[PDB]
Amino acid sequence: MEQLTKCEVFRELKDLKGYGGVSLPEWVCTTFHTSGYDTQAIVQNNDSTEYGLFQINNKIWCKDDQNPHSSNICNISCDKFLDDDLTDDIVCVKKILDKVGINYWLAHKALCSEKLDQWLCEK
């Protein structure tokens, strides 16, 4: 467990601002509903494990020591998404948006396309 606060996420996701048409308040909203802002969120559900603040699965995007069938499109080890530096997470997230789009994150369409004003930080 290692969470950031809304305002910290707003500071650390600065590169994604505008990328793929998605604003910062959408990403701040999306990520709360995706991982609670916890950089070491790990969720195994059935056939895949999902890592970090962005919940990137070891199925298509990264290499996992316990799943050799991965496509590893991000060409990285999934554990590098469990640390405190979101620099590479952001790189992976740009490849996902290139290939799949922001709808990889279900909270976006469901809870974060409307009324983004509460997700603001002038702090």
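The first residue of the sequence shown is number 1, and the count goes up from there.
- The stretch with the higher mean CA B factor, choosing between 80 to 88 and 59 to 67, is 59 to 67.
- Mean C-alpha B-factor is higher over 114 to 122 than over the other stretch, the pair under comparison being 1 to 9 and 114 to 122.
- Sort the chain's modelled residues by C-alpha temperature factor and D38 lands in the middle third, per the entry.
- In the PDB entry, a CA B factor belonging to the lowest third of its chain's modelled residues is recorded for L97.
- Per the deposited record, the Cα B-factor of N75 falls in the highest third when ranked against the other modelled residues of its chain.
- Per-chain ranking of the deposited C-alpha B factor places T49 in the middle third.
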